[PDB]
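In PDB author numbering, the protein residues as written are 1 to 94.
No residue lacks a Cβ here, since even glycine has one placed at the ideal position from N, Cα and C.
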RNA sequence: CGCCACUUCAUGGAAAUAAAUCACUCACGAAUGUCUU
């Protein structure tokens with residue numbers, strides 16, 4: 001397999017700084033670095049150094065020398081562009 | 001429920017690498033091989 005497709009459900013409203021665009025959704029520049037660390041941690045059974053050695057062994061690293069990055073491409077897109085906008089404050093008001 | 005903001009604004013790597021460096025053609029052709037006293 002070359003492509004992985006997943007459908008995400010939202011439980012809490014994300015605080016997004018680029019809400020102006022109608023296609024504003026979860027940013028992959030945030031997901032990918034955390035997912036890379038999560039997978040390397042899981043590959044090494046809770047240790048990121050063993051997990052990097054595992055990824056280094058099976059040629060899964062973009063660079064074998066200095067980064068945790070894994071060689072995959074991540075894209076997050078909206079299917080239906082209808083969204084709910086929330087005002088989140090720490091003060092009650094009518 | 002009231003009141004109230006601060007902080008952070010680029011670093012590391014790559015900075016040219018290989019292929020072709022002259023090729024083909026012409027490399028002398030024609031006249032004179034003695035002439036006039």
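In this structure, DSSP gives residue 70 an extended state, which the three-state scheme calls strand.
The region 74–87 and the region 25–40 touch, with no fewer than 3 CB-CB distances between them shorter than 8 angstroms. Classified as exposed, residue 47 has fewer than 16 neighbouring CB atoms from the shown chains inside 10 Å of its CB. Spanning the alpha carbons of residue 19 and residue 82 requires a straight line of approximately 12 angstroms.
Residues 51 of the same chain have their beta carbon placed closer than 8 angstroms to that of residue 42, with the five preceding and five following residues left out of the count. If you draw a straight line from the Cα of residue 40 to the Cα of residue 1, it comes to about 21 angstroms. The three-state secondary structure of residue 43, taken from DSSP, is helix. Residue 61 is bridged by DSSP to 70.
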